[PDB]
């Protein structure tokens with residue numbers, strides 16, 4: 001045709017990563033320039049995003065060991 005919509009959800013507190021589809025969750029990683037070659041199932045993308053959320057969505061830096 002000439003126009004179609006796309007999703008742009010990156011406010012992680014708004015939507016449960018468990019209830020989303022793997023196609024929808026892949027576009028979060030594509031927006032952050034990331035991939036996961038070892039991901040076999042949807043939950044592997046979820047487990048990634050859950051650690052990438054405080055990396056790319058917080059206003060303050062993260063801290064760990």
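No Cβ is skipped: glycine too gets one built from the backbone with ideal geometry, and neighbour counts run over all protein chains shown. Bear in mind that the values in this text are calculations on the coordinates, not laboratory data.
Sort out which residues of the range 4-17 are touching a residue at least 24 places away in the same chain (Cβ under 8 Å), outside any helix (DSSP H, G or I) and surrounded by 10 or more Cβ atoms within 10 Å (Cβ to Cβ), and write them in order of number. Show your work before the answer.
Initially, the range 4-17 is screened for residues touching a residue at least 24 places away in the same chain (Cβ under 8 Å), giving 10-12, 17.
From what is left, the residues that are outside any helix (DSSP H, G or I) are 10-11, 17.
10, 17 - these are the residues of the range 4-17 that are touching a residue at least 24 places away in the same chain (Cβ under 8 Å), outside any helix (DSSP H, G or I) and surrounded by 10 or more Cβ atoms within 10 Å (Cβ to Cβ).
Please work out which residue is nearest to residue 56 (Cα to Cα), limiting yourself to the range 18-28 and to residues that are touching a helix residue (DSSP H, G or I) at 6+ places or on another chain (Cβ under 7 Å) and surrounded by 12 or more Cβ atoms within 10 Å (Cβ to Cβ).
Looking at the filtered set, the residue picked out is 28.
Looking only at residues in the range 33-52 that are touching a helix residue (DSSP H, G or I) at 6+ places or on another chain (Cβ under 6 Å) and closer than 13 Å to residue 20 by Cβ, which one is surrounded by the fewest Cβ atoms within 10 Å (Cβ to Cβ)?
Looking at the filtered set, the residue picked out is 42.
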